[PDB]
Structure formats: structure tokens, C-alpha cells
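S.K.: Below is the structure I would like to discuss, written out as C-alpha cells.
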Amino acid sequence: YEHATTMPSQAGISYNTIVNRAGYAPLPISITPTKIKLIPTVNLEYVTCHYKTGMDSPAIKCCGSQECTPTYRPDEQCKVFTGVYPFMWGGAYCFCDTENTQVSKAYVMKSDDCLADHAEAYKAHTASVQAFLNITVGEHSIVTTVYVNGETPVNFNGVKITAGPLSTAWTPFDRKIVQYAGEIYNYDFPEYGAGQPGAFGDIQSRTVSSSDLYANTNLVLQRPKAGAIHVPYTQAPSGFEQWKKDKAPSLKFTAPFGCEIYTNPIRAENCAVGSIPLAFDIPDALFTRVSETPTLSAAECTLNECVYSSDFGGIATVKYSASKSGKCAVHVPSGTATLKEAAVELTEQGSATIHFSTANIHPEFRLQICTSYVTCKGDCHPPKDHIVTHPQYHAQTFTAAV
Ligand SMILES: *[C@@H]1O[C@H](CO)[C@@H](O)[C@H](O)[C@H]1NC(C)=O
């Protein structure tokens with residue numbers, strides 16, 4: 001039997017329903033998503049880190065000419081400064097006053113700490129939603145991880161569960177993101193091969209172990225001081241450091257819909273966004289006839305207490321006269337009231353207690369119970385505290401009138 005019902009995509013809050021037919025007893029169904037995960041399809045564009053400016057030892061020729069011998073290292077600068085007269089701890093290096101030459105060259109390379117202190121620049125394409133759910137059908141219970149795509153089923157005990165596509169496809173990650181120190185940032189980093197100096201991406205590598213290294217650090221050499229041996233260089237300050245100094249708070253403190261953000265895998269969890277269109281294919285063999293189950297006759301309902309509140313502040317007693325003692329389900333076919341409990345136990349004729357949370361100030365709802373239903377009605381009072389530390393349990397509704 002094919003049944004389908006939208007389930008609000010809230011983490012920690014439960015959801016209940018009853019599936020029934022003209023000659024088959026109510027079969028309860030309960031769902032509880034303990035963690036809804038939003039993994040995006042992601043690939044690595046590069047990794048960046050602090051640079052370090054390596055530099056070959058100056059090659060000094062005493063009154064002889066030199067040449068800018070080229071090598072091919074990242075962001076290389078090579079220059080042949082003439083008219084030098086260097087000094088060491090032992091005195092003047094050369095005897096010719098003029099015509100001495102010093103060839104000096106400098107280059108960029110990855111910091112020694114880049115293997116463990118680096119930022120990963122990624123592109124995030126599309127979303128994949130998977131949720132850890134607790135599903136019960138007529139006391140057949142399962143705890144699983146369902147891939148929310150409408151395709152992948154979870155088929156334990158013969159009932160086939162399919163969690164349709166997340167109704168409002170949405171991600172907190174833009175197309176192009178960055179990971180650093182276990183925090184995910186939305187940042188339009190330069191494409192590989194366009195990194196500009198003094199900003200994020202000044203040095204880049206396709207992988208942490210990649211041989212290639214593009215560097216654009218605005219490296220330019222200056223002539224050394226007379227009587228000193230060294231390689232002067234003025235360079236744009238490390239763009240990665242500047243990004244660290246100047247960056248907005250991570251998505252874990254700015255993401256919409258209250259999403260939590262985690263980094264392995266890159267993902268967002270507990271996004272209170274949209275709803276999951278669950279579809280349940282219940283086998284014909286799991287249904288039970290109305291005759292077998294406890295049948296209720298001549299029930300009455302009364303709200304012995306009502307506190308219009310986020311939690312289950314509403315209490316109602318049902319006086320029952322059952323045909324045979326046992327257990328059976330209880331529900332409200334309406335968004336007015338959401339029940340804490342799924343089923344109750346009955347002993348011939350007596351009373352039972354139902355907990356619920358409500359939106360209506362003047363509540364009235366049909367409590368469906370054990371192959372019957374009773375019209376519960378009453379007046380309800382406001383709650384105590386202005387602010388509470390948990391999310392809503394009761395479906396909001398327009399009617400809150402006198
Ligand atoms: C779901 O099942 C798991 C089983 O480990 C349990 O720990 C968790 O509390 C259950 N959640 C609810 C309230 O259904």
C-alpha cells in the first residue's frame with residue numbers, strides 16, 4: 001500500500017501519523033530525524049599557505065663580469081649588481097675597487113609548515129542530503145541513514161521508505177568556498193593562475209604535495225648596501241596572513257537557517273529548511289483487521305489543563321469504554337495540536353491521558369483514537385516565559401481569535 005506524507009525537516013523533533021482503511025485497524029507510523037546532513041559535491045582547486053622567500057647565496061666575482069643565469073623557480077628574480085665591494089668577517093672580499101660583480105637571485109616557495117597549516121580552496125557544485133532517521137511502523141522499528149534523493153530506499157522489514165527530494169533545494173555554500181582550521185568560508189578566491197599579490201591565493205598549489213607552484217608576490221630586488229653581502233628584496237606581505245587578519249566569521253556563525261558547519265566531509269547539518277516528502281510502501285501483510293485490535297466505544301474528552309506553549313503544555317483526559325483491554329494508537333488529523341505520545345493502554349472502561357502542544361488560543365480538535373474519534377474542545381491560557389530554549393513542537397495556524 002502506497003502512502004505519502006510530508007515530514008518537516010527539523011532535527012530532534014518527532015513526527016507521527018496513522019494509516020487506516022475501512023476494514024483495517026490503525027497502523028501507527030513514527031519518524032524522528034536525529035541529524036539531517038547537507039553534503040555538497042566538492043572538488044579541490046588548490047591549497048595556499050604562507051610563503052617563504054628562498055634566495056641563492058650571492059655569487060661574487062672580483063673585477064669580472066657575470067651573467068643572469070636563468071633557472072625556472074616560482075616568481076624568480078635575478079639581477080647582476082655591478083660596482084660592489086663586499087666585506088666579510090675577515091675583511092674586504094675583493095681587491096679591485098670597481099668592476100666587481102654580485103649576481104643575486106630570489107624566489108618564492110611553500111612555507112615549511114604548509115604541510116599542516118594551509119587553506120584549501122574548493123568549488124562546491126551540487127547538494128546531497130542524507131539524514132539519520134528513526135522509523136517505526138506498528139512496533140517494527142529501525143534506525144538507519146536514508147539518502148534523501150527520492151531514489152535510494154531503505155527496505156527493512158518489508159516496508160519501503162523513500163525520502164523524496166528536499167522540497168526547497170538550497171545550500172549555505174556558494175559555488176566557491178575555502179576551508180581553514182576547521183572552518184568553512186565563502187570567498188571568491190582567484191582562479192588557478194590568476195592569483196594577485198598581497199591577497200588570498202598569492203601562492204597556490206594544485207595539491208599539498210604537488211610539484212608545481214605558481215607564485216605572484218611582486219618580488220623585486222634592490223641593490224645591496226656597500227660593504228655588505230646579502231640579497232635585498234621587497235615583497236608584498238603574505239596574502240594568506242592578510243586573509244587571516246581580515247576575514248568575516250565562518251559559515252558556522254553566519255549561515256542561514258541555523259545550519260551547523262563541519263569540515264570532514266565539508267557539510268552543513270541541522271538546517272531547519274523546507275520539508276522531506278516521505279513516501280512509505282507498506283506491505284499488505286502488515287495491516288491488521290479492525291476486529292482484532294481494541295475497539296473503542298462511547299468516548300468523551302476534556303482538556304483538564306491547557307498551556308499554549310512551545311512544549312507539550314496541554315493535557316487532556318479521554319474517558320473510554322473499550323471492548324477489550326490492550327494498547328492502541330492516538331492522533332490528531334489536523335495541524336491544530338501535536339501529540340507527545342503515539343499510543344496508549346486501555347483497561348475496559350476508564351480514563352487515559354494525552355499530552356499535546358497547541359497553537360489555538362481557543363483549541364478544538366478531533367482526537368482520533370482506536371477506531372474512533374472524539375471532539376476535544378476547550379479554552380487555553382498563555383505560557384509563563386517569554387523566551388524558551390527549544391524549538392516549536394506545534395504547527396502554527398492562523399486562528400488565534402477570541
Ligand atoms: C533514535 O534511535 C537512537 C538509537 O541509538 C537513539 O539513541 C535516539 O535517542 C533515538 N531518537 C529518538 C528520540 O527517537
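Order determines the names: the first chain of the C-alpha cells is A, the second B, and so forth; residues in each chain are numbered 1 upward, and ligands are numbered 1 upward as they are shown.
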Produce a table with one row for each residue of chain A that has an atom at most 9 Å from any atom of ligand 1, each row naming the nearest atom pair and its distance in Å at one decimal; use only C-alpha atoms and all ligand atoms; arrange rows by chain and rising residue number; format as a tab-separated table.

M.R.:
```
residue	atom	partner	partner_atom_place_in_ligand_line	distance
A:12	CA	ligand 1	13 (C)	7.1
A:13	CA	ligand 1	13 (C)	8.1
A:14	CA	ligand 1	14 (O)	7.1
A:30	CA	ligand 1	14 (O)	8.8
A:31	CA	ligand 1	14 (O)	7.6
A:32	CA	ligand 1	14 (O)	5.3
A:33	CA	ligand 1	11 (N)	7.7
A:34	CA	ligand 1	11 (N)	6.2
A:132	CA	ligand 1	1 (C)	8.5
A:133	CA	ligand 1	1 (C)	7.0
A:134	CA	ligand 1	1 (C)	4.9
A:135	CA	ligand 1	14 (O)	8.1
A:142	CA	ligand 1	2 (O)	8.0
A:143	CA	ligand 1	2 (O)	5.7
A:144	CA	ligand 1	2 (O)	8.7
```

S.K.: Write a file of the just-selected residues containing N, CA, C and O atoms, as a PDB file, in the first residue's frame.

M.R.:
```pdb
ATOM      1  N   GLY A  12      15.610  16.668  15.665  1.00  0.00           N
ATOM      2  CA  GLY A  12      15.283  16.455  17.061  1.00  0.00           C
ATOM      3  C   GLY A  12      13.796  16.346  17.329  1.00  0.00           C
ATOM      4  O   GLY A  12      13.385  15.721  18.309  1.00  0.00           O
ATOM      5  N   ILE A  13      12.981  16.939  16.466  1.00  0.00           N
ATOM      6  CA  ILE A  13      11.534  16.920  16.643  1.00  0.00           C
ATOM      7  C   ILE A  13      10.972  15.691  15.945  1.00  0.00           C
ATOM      8  O   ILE A  13      11.422  15.325  14.853  1.00  0.00           O
ATOM      9  N   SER A  14       9.994  15.050  16.572  1.00  0.00           N
ATOM     10  CA  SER A  14       9.409  13.834  16.033  1.00  0.00           C
ATOM     11  C   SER A  14       8.213  14.159  15.144  1.00  0.00           C
ATOM     12  O   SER A  14       7.765  15.304  15.046  1.00  0.00           O
ATOM     13  N   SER A  30       5.827   6.388  12.874  1.00  0.00           N
ATOM     14  CA  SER A  30       6.552   7.461  13.538  1.00  0.00           C
ATOM     15  C   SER A  30       7.915   7.637  12.895  1.00  0.00           C
ATOM     16  O   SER A  30       8.581   6.662  12.541  1.00  0.00           O
ATOM     17  N   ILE A  31       8.321   8.896  12.755  1.00  0.00           N
ATOM     18  CA  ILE A  31       9.606   9.270  12.184  1.00  0.00           C
ATOM     19  C   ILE A  31      10.281  10.243  13.137  1.00  0.00           C
ATOM     20  O   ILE A  31       9.612  11.033  13.813  1.00  0.00           O
ATOM     21  N   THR A  32      11.608  10.177  13.201  1.00  0.00           N
ATOM     22  CA  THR A  32      12.397  11.100  14.014  1.00  0.00           C
ATOM     23  C   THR A  32      13.752  11.296  13.345  1.00  0.00           C
ATOM     24  O   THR A  32      14.610  10.401  13.406  1.00  0.00           O
ATOM     25  N   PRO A  33      13.968  12.426  12.653  1.00  0.00           N
ATOM     26  CA  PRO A  33      15.301  12.688  12.098  1.00  0.00           C
ATOM     27  C   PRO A  33      16.249  13.263  13.132  1.00  0.00           C
ATOM     28  O   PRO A  33      16.104  14.419  13.538  1.00  0.00           O
ATOM     29  N   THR A  34      17.230  12.469  13.555  1.00  0.00           N
ATOM     30  CA  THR A  34      18.137  12.924  14.602  1.00  0.00           C
ATOM     31  C   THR A  34      19.240  13.819  14.055  1.00  0.00           C
ATOM     32  O   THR A  34      19.828  14.600  14.810  1.00  0.00           O
ATOM     33  N   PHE A 132      19.931  10.802   9.265  1.00  0.00           N
ATOM     34  CA  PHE A 132      19.816   9.669  10.177  1.00  0.00           C
ATOM     35  C   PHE A 132      18.416   9.703  10.776  1.00  0.00           C
ATOM     36  O   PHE A 132      18.014  10.708  11.374  1.00  0.00           O
ATOM     37  N   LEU A 133      17.625   8.663  10.493  1.00  0.00           N
ATOM     38  CA  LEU A 133      16.191   8.693  10.891  1.00  0.00           C
ATOM     39  C   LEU A 133      15.825   7.498  11.768  1.00  0.00           C
ATOM     40  O   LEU A 133      16.413   6.418  11.566  1.00  0.00           O
ATOM     41  N   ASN A 134      14.861   7.674  12.679  1.00  0.00           N
ATOM     42  CA  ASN A 134      14.340   6.548  13.497  1.00  0.00           C
ATOM     43  C   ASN A 134      12.924   6.282  12.992  1.00  0.00           C
ATOM     44  O   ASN A 134      12.070   7.157  13.196  1.00  0.00           O
ATOM     45  N   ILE A 135      12.680   5.133  12.369  1.00  0.00           N
ATOM     46  CA  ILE A 135      11.345   4.910  11.737  1.00  0.00           C
ATOM     47  C   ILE A 135      10.653   3.712  12.388  1.00  0.00           C
ATOM     48  O   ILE A 135      11.258   2.627  12.416  1.00  0.00           O
ATOM     49  N   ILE A 142      13.240   0.773  13.300  1.00  0.00           N
ATOM     50  CA  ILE A 142      14.537   0.753  12.636  1.00  0.00           C
ATOM     51  C   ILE A 142      15.210   2.105  12.822  1.00  0.00           C
ATOM     52  O   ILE A 142      14.549   3.143  12.912  1.00  0.00           O
ATOM     53  N   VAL A 143      16.538   2.080  12.892  1.00  0.00           N
ATOM     54  CA  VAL A 143      17.365   3.281  12.932  1.00  0.00           C
ATOM     55  C   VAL A 143      18.358   3.173  11.790  1.00  0.00           C
ATOM     56  O   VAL A 143      19.179   2.248  11.767  1.00  0.00           O
ATOM     57  N   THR A 144      18.284   4.106  10.844  1.00  0.00           N
ATOM     58  CA  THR A 144      19.014   3.978   9.591  1.00  0.00           C
ATOM     59  C   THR A 144      19.543   5.333   9.158  1.00  0.00           C
ATOM     60  O   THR A 144      19.302   6.357   9.801  1.00  0.00           O
TER      61      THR A 144
END
```

S.K.: Using the chain letters and numbers from this document, which residues of region 97-153 of chain A does DSSP assign to strand (DSSP E), as number ranges by chain?

M.R.: A: 101-110, 119-137, 140-148

S.K.: Those same residues - N, CA and C atoms - I'd like them written as an mmCIF file, in the first residue's frame.

M.R.:
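File produced: again-v8.cif:
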```cif
data_model
loop_
_atom_site.group_PDB
_atom_site.id
_atom_site.type_symbol
_atom_site.label_atom_id
_atom_site.label_comp_id
_atom_site.auth_asym_id
_atom_site.auth_seq_id
_atom_site.Cartn_x
_atom_site.Cartn_y
_atom_site.Cartn_z
ATOM 1 N N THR A 101 81.441 42.307 -9.290
ATOM 2 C CA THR A 101 80.079 41.977 -9.671
ATOM 3 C C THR A 101 79.480 41.026 -8.651
ATOM 4 N N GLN A 102 78.190 41.196 -8.376
ATOM 5 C CA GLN A 102 77.445 40.320 -7.483
ATOM 6 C C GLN A 102 76.136 39.950 -8.160
ATOM 7 N N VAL A 103 75.981 38.681 -8.514
ATOM 8 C CA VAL A 103 74.729 38.182 -9.072
ATOM 9 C C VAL A 103 73.930 37.559 -7.942
ATOM 10 N N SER A 104 72.692 38.021 -7.786
ATOM 11 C CA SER A 104 71.812 37.592 -6.713
ATOM 12 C C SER A 104 70.449 37.249 -7.286
ATOM 13 N N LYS A 105 69.850 36.186 -6.754
ATOM 14 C CA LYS A 105 68.531 35.779 -7.205
ATOM 15 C C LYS A 105 67.715 35.228 -6.049
ATOM 16 N N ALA A 106 66.413 35.505 -6.109
ATOM 17 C CA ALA A 106 65.463 35.142 -5.071
ATOM 18 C C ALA A 106 64.215 34.554 -5.710
ATOM 19 N N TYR A 107 63.502 33.742 -4.935
ATOM 20 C CA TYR A 107 62.340 33.019 -5.421
ATOM 21 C C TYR A 107 61.404 32.730 -4.257
ATOM 22 N N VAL A 108 60.183 32.327 -4.594
ATOM 23 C CA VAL A 108 59.141 32.014 -3.624
ATOM 24 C C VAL A 108 59.024 30.502 -3.521
ATOM 25 N N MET A 109 58.780 30.000 -2.310
ATOM 26 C CA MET A 109 58.481 28.587 -2.134
ATOM 27 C C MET A 109 57.544 28.417 -0.949
ATOM 28 N N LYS A 110 56.919 27.247 -0.879
ATOM 29 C CA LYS A 110 55.947 26.978 0.169
ATOM 30 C C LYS A 110 56.617 26.993 1.534
ATOM 31 N N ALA A 119 45.256 26.529 3.747
ATOM 32 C CA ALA A 119 43.849 26.684 3.423
ATOM 33 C C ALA A 119 43.554 26.057 2.070
ATOM 34 N N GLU A 120 42.445 25.325 2.015
ATOM 35 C CA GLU A 120 42.058 24.557 0.839
ATOM 36 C C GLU A 120 40.954 25.306 0.115
ATOM 37 N N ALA A 121 41.242 25.759 -1.097
ATOM 38 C CA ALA A 121 40.284 26.472 -1.926
ATOM 39 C C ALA A 121 39.557 25.465 -2.808
ATOM 40 N N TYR A 122 38.241 25.335 -2.590
ATOM 41 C CA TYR A 122 37.377 24.358 -3.238
ATOM 42 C C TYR A 122 36.316 25.047 -4.086
ATOM 43 N N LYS A 123 35.710 24.271 -4.983
ATOM 44 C CA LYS A 123 34.458 24.632 -5.640
ATOM 45 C C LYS A 123 33.385 23.617 -5.268
ATOM 46 N N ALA A 124 32.217 24.111 -4.852
ATOM 47 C CA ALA A 124 31.093 23.277 -4.437
ATOM 48 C C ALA A 124 29.978 23.403 -5.466
ATOM 49 N N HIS A 125 29.543 22.269 -6.018
ATOM 50 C CA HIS A 125 28.663 22.260 -7.184
ATOM 51 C C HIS A 125 27.200 22.016 -6.829
ATOM 52 N N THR A 126 26.891 20.864 -6.235
ATOM 53 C CA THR A 126 25.513 20.445 -6.018
ATOM 54 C C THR A 126 25.396 19.782 -4.656
ATOM 55 N N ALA A 127 24.159 19.690 -4.175
ATOM 56 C CA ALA A 127 23.892 19.214 -2.827
ATOM 57 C C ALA A 127 23.479 17.747 -2.823
ATOM 58 N N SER A 128 23.840 17.060 -1.746
ATOM 59 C CA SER A 128 23.335 15.731 -1.438
ATOM 60 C C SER A 128 22.886 15.706 0.015
ATOM 61 N N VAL A 129 21.627 15.330 0.240
ATOM 62 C CA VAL A 129 21.009 15.379 1.560
ATOM 63 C C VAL A 129 20.820 13.955 2.054
ATOM 64 N N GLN A 130 21.434 13.640 3.192
ATOM 65 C CA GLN A 130 21.272 12.349 3.840
ATOM 66 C C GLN A 130 20.998 12.586 5.316
ATOM 67 N N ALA A 131 20.066 11.817 5.873
ATOM 68 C CA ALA A 131 19.575 12.043 7.223
ATOM 69 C C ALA A 131 19.532 10.738 7.999
ATOM 70 N N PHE A 132 19.931 10.802 9.265
ATOM 71 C CA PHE A 132 19.816 9.669 10.177
ATOM 72 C C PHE A 132 18.416 9.703 10.776
ATOM 73 N N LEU A 133 17.625 8.663 10.493
ATOM 74 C CA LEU A 133 16.191 8.693 10.891
ATOM 75 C C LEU A 133 15.825 7.498 11.768
ATOM 76 N N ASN A 134 14.861 7.674 12.679
ATOM 77 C CA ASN A 134 14.340 6.548 13.497
ATOM 78 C C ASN A 134 12.924 6.282 12.992
ATOM 79 N N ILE A 135 12.680 5.133 12.369
ATOM 80 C CA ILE A 135 11.345 4.910 11.737
ATOM 81 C C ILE A 135 10.653 3.712 12.388
ATOM 82 N N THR A 136 9.430 3.907 12.886
ATOM 83 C CA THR A 136 8.665 2.820 13.482
ATOM 84 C C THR A 136 7.353 2.689 12.733
ATOM 85 N N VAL A 137 6.945 1.452 12.472
ATOM 86 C CA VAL A 137 5.676 1.147 11.824
ATOM 87 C C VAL A 137 5.089 -0.042 12.571
ATOM 88 N N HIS A 140 7.356 -2.218 14.504
ATOM 89 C CA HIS A 140 8.549 -2.590 13.753
ATOM 90 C C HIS A 140 9.420 -1.350 13.611
ATOM 91 N N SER A 141 10.519 -1.300 14.358
ATOM 92 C CA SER A 141 11.323 -0.093 14.485
ATOM 93 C C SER A 141 12.683 -0.306 13.845
ATOM 94 N N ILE A 142 13.240 0.773 13.300
ATOM 95 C CA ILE A 142 14.537 0.753 12.636
ATOM 96 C C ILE A 142 15.210 2.105 12.822
ATOM 97 N N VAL A 143 16.538 2.080 12.892
ATOM 98 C CA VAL A 143 17.365 3.281 12.932
ATOM 99 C C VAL A 143 18.358 3.173 11.790
ATOM 100 N N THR A 144 18.284 4.106 10.844
ATOM 101 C CA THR A 144 19.014 3.978 9.591
ATOM 102 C C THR A 144 19.543 5.333 9.158
ATOM 103 N N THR A 145 20.277 5.315 8.051
ATOM 104 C CA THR A 145 20.715 6.517 7.360
ATOM 105 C C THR A 145 20.134 6.504 5.957
ATOM 106 N N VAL A 146 19.163 7.372 5.707
ATOM 107 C CA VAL A 146 18.458 7.416 4.432
ATOM 108 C C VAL A 146 19.037 8.548 3.601
ATOM 109 N N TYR A 147 19.354 8.241 2.350
ATOM 110 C CA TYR A 147 19.822 9.238 1.399
ATOM 111 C C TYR A 147 18.597 9.933 0.819
ATOM 112 N N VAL A 148 18.464 11.227 1.092
ATOM 113 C CA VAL A 148 17.270 11.966 0.709
ATOM 114 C C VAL A 148 17.417 12.421 -0.736
#
```

S.K.: Find the distance between CA of residue 240 (chain A) and CA of residue 118 (chain A) and write it in Å to one decimal.

M.R.: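 It comes out at 8.8 Å.
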
S.K.: How would you write, as JSON, numbers by chain, the set of residues in region 54-135 of chain A that DSSP gives as helix (DSSP H, G or I)?

M.R.: {"A": [112, 113, 114, 115]}

S.K.: Go ahead and save the picked residues with C-alpha atoms, as an mmCIF file, in the first residue's frame.

M.R.:
```cif
data_model
loop_
_atom_site.group_PDB
_atom_site.id
_atom_site.type_symbol
_atom_site.label_atom_id
_atom_site.label_comp_id
_atom_site.auth_asym_id
_atom_site.auth_seq_id
_atom_site.Cartn_x
_atom_site.Cartn_y
_atom_site.Cartn_z
ATOM 1 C CA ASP A 112 57.898 24.632 5.851
ATOM 2 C CA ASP A 113 54.644 24.476 7.838
ATOM 3 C CA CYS A 114 52.422 24.288 4.734
ATOM 4 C CA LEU A 115 52.004 20.529 5.181
#
```

S.K.: If you measure from CA of residue 50 (chain A) to CA of residue 241 (chain A), what distance in Å do you get, rounded to one decimal?

M.R.: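 Between CA of residue 50 (chain A) and CA of residue 241 (chain A) the gap is 7.0 Å.
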
S.K.: Quote the spacing between CA of residue 191 (chain A) and CA of residue 204 (chain A) in Å to one decimal place.

M.R.: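 One can read the CA of residue 191 (chain A) to CA of residue 204 (chain A) distance as 9.9 Å.
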
S.K.: Contacts of residue 29 (chain A) at 9 Å or less, counting only C-alpha atoms, minus same-chain residues fewer than 4 places along, as a VMD selection string?

M.R.: chain A and resid 15 to 19 135 to 139 342

S.K.: Which residue is closest to residue 311 (chain A)? Choose from A:385, A:75, A:45, A:183 and count only C-alpha atoms.

M.R.: A:385

S.K.: For residue 223 (chain A), find every residue with an atom within 8 Å (counting only C-alpha atoms), except residues of its own chain fewer than 2 positions away, and show them as a list in words.

M.R.: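 In the requested form, the answer reads residues 81, 221, 225, 231 and 232 of chain A.
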
S.K.: Measuring between only C-alpha atoms, which one of A:68, A:259, A:266, A:229 shows the shortest distance to residue 41 (chain A)?

M.R.: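 Nearest to residue 41 (chain A): A:266.
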
S.K.: Name the residues in contact with residue 239 (chain A) at a cut-off of 12 Å, using only C-alpha atoms, excluding same-chain residues fewer than 4 positions from it; report them as an NGL selection string.

M.R.: :A and (48-51 or 119 or 189-190 or 195-204 or 215-218 or 235 or 243-247)

S.K.: Which polymer residues have any atom within 12 Å of an atom of residue 360 (chain A), counting only C-alpha atoms, with same-chain residues fewer than 4 positions away left out, as a PyMOL selection string?

M.R.: chain A and resi 306-310+314+334-338+364-365+377-382+394-402

S.K.: Which residue, A:184, A:161, A:88, A:25, has the smallest gap to residue 261 (chain A) when you use only C-alpha atoms?

M.R.: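 That would be A:184, the residue with the smallest distance to residue 261 (chain A).
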
S.K.: Excluding same-chain residues fewer than 3 positions from residue 368 (chain A), what lies within 8 Å of it counting only C-alpha atoms, as a count of residues only?

M.R.: 8

S.K.: Pick out the closest residue to residue 321 (chain A) from this set: A:370, A:177, A:154, A:359. Count only C-alpha atoms.

M.R.: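 Smallest distance to residue 321 (chain A) is found for A:370.
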